[PDB]
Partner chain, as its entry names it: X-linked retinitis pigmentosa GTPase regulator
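Listed next as structure tokens is one chain, alone, in the form solved without its partner chain.
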């Protein structure tokens, strides 16, 4: 398909350079990393402070570069606990200039959370990156709450 070829081209030109997460109330930085957690086909791991589970909302800064132009870059993301999706989020970035580097800010709302001790190692966040309806990649991060 021209569409599958196009998906592979966008993925080939894409890199997530760095990402931060903040308490949306505090503005305090809770986690940061420079590892591209969006790379597909390998299970990524992340160690995050357990106090993040007590935030009402978390603010994400995601810096990415893309050789390919995209009309409607967006994400759909799910939290899975032992295999079961507990919640889903949708975020839209929109147009991406070819060969651009971009910082995307998002406010992620928590929608009752189990304790960190129960969740740790048993949560996966699965993120699907799309351009409009074309699925570009699917990646997964297993979470440890410390």
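Residue numbers count along the first chain shown, from 1.
Keep in mind that the form deposited with its partner chain bound is not shown, yet the notes after this line are about it.
- At a distance threshold of 4.5 angstroms between non-hydrogen atoms, residue 28 is in contact with its partner chain in the deposited complex.
- In the deposited complex, at least one heavy atom of residue 121 sits within 4.5 Å of a heavy atom of its partner chain.
- Contact between residue 33 and its partner chain in the deposited complex is found at the 4.5 Å heavy atom cutoff.
- Taking the partner from the other structure, its partner chain in the deposited complex has no heavy atom within 4.5 Å of any heavy atom of residue 40.
- The three marked residues, 9, 12 and 134, fail to reach its partner chain in the deposited complex, with no heavy atom of any inside 4.5 Å.
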